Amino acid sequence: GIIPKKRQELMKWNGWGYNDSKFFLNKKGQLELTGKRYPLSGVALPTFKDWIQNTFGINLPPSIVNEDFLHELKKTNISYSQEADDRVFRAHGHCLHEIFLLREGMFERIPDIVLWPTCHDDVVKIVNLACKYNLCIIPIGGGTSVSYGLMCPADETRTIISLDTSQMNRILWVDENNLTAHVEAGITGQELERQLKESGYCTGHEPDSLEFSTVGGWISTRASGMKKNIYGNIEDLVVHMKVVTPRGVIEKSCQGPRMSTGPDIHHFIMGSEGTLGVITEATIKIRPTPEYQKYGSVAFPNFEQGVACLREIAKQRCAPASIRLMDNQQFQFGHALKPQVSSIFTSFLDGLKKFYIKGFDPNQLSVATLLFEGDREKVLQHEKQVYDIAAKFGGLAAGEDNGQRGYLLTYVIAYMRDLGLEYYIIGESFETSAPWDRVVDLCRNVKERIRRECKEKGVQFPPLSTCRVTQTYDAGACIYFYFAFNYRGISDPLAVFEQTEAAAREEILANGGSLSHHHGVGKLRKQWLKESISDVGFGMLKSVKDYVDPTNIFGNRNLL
């Protein structure tokens, strides 16, 4: 559960996830995941190749560092490395461009040195040395950023420290009276839940990156998790934090559950994306481990009816732990991942239709997956409430097995990038939040802008462009898109990708969607920020950065 210092021992140096986990063709020519890490690991996916084929049309730099600083660093006993593999591993997150530069290229700039502090006091020492020797610090936790938040600016001439938090990973206390846990910021989501569970508790904060993403990362990026309906997003979960900045340590003097003591400075730090200082410790709300979990799924005649149903569920404030509504292409894709071998003489579509002979169109139908957790009595009553609401919108119970499957798929989908890259398929997921009344139109127009933009950029085939609704709020929804294409005969595939991704974002903003729901701004969405938060708002951000970090030690250049 602890990230080791030499990460490549465990994790892939050139893509997502663990070294022991990749898609390969088995001895029957069926896609399958190696290893035994996930419940889908070692399970043949006999229809998956076909769905890939049908969908995409393919056949299956020296360490520049001051010796005085070095010398002082040795006295601290803080572990460090100037090794290229350590530096490179920490020079990127998980944006598509980054993964290409790992594979077929090299980064313009990487950290000069990697430090592993093990506690708050180590971080204070490091920041003090950075003030003294004019060093730039870029913090890293899990390295899961999808916003270019870890990329080293190419023209940064100072020595860049990668301040790796992975060895600051302790739970410091569990306060069972107040249901809070105070933890060091480098603890990963899986390690955090694992240790709390041994005492009968959890946070319930479950981003899809939880295997590697950290408490400090979550706070920095305003992370959102699958079960936020019950447990809250990161801003609802964090009760307290400690932050080391060049100006000194930020920390409130008490742990009162709610205050009126001026503008909440916790929100000056949350979303700061490594531009102000290092979050070293935080107190986070915990809950007793749920007695009981129940999966579920519901089919709707179309997406629009599914959206209307999600809205009503939000309106009655009876959303389960997790509810996600997927469009018909994702419904199909999920169909394509089950274990029963088709006949080769019956098509994909004709195979689906006979299988679900619902009075529904199988090219229109959408599916919501559901997760309920809590006390078994409560969960079961609540499941019946949601299913009764769904019945009113044409909804039909589609079984716990799809829900259970959908929920497992989430930790596996990231492993599909690298598979795609082996076979000329590139893509990325992206997200927005939008008012309830813009959701349908926004999804339709964005998927369409992407088709028009690919066609016009010489993309041979119509791209995969697909969506689901992943979160519901009172005032709207999170919409999560996937965009993918075969880059067969494009001169500059990345450019085409990059430009199409920007055009989708322009379309999103024009349809009432936000700049980001959860991934953040990093360096990827900087150019829209000022418009999103207004000029004065941007200058307020700037004024906090100039005060706390006047010499721009925290020089990742995100946000501003």
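We call the rigid core the largest set of C-alpha positions that still match within 1.5 Å between the two forms. Residue indices: 1-based, along the sequence shown.
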Core-aligned, RMS over all structures and residues: is 113-121 or 481-489 the stretch with the greater C-alpha displacement in 6 other deposited structures of this protein?
481-489
After a core fit, does 401-409 or 178-186 show the bigger CA gap to the shown form in 6 other deposited structures of this protein?
401-409
Across other compared entries, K457 missing in at least a third
no
Quick one: across the other PDB entries of this protein we compared, is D361 left without coordinates in at least a third of them?
yes
Unmodelled stretch from the deposited sequence between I357 and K358, which bin: none, 1 to 3, 4 to 9, 10 or more?
1 to 3
Residues with no coordinates between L60 and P61, taken from the deposited sequence as a class
10 or more
Can you tell me which stretch has the higher mean Cα B-factor, 488-496 or 527-535?
488-496
Quick one: higher average CA temperature factor, 453-461 or 164-172?
453-461
Member of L70, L33, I508, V521 with the greatest C-alpha B factor (per the PDB record):
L70
So if I compare the CA B-factors in the entry for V341, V278, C95, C202, which one is the largest?
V341
Quick check for you: using the entry's CA B-factors within this chain, is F300 in the lowest, middle or highest third?
middle
Once the chain's modelled residues are ordered by C-alpha B factor and cut into thirds, is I64 in the lowest, middle or highest one?
highest
Tertile call for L408 (CA temperature factor, within chain, third-based) is the highest
Modelled-residue ranking by C-alpha temperature factor, third containing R158
middle
Taking the entry's C-alpha B-factors for this chain, is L25 in the lowest, middle or highest third?
middle
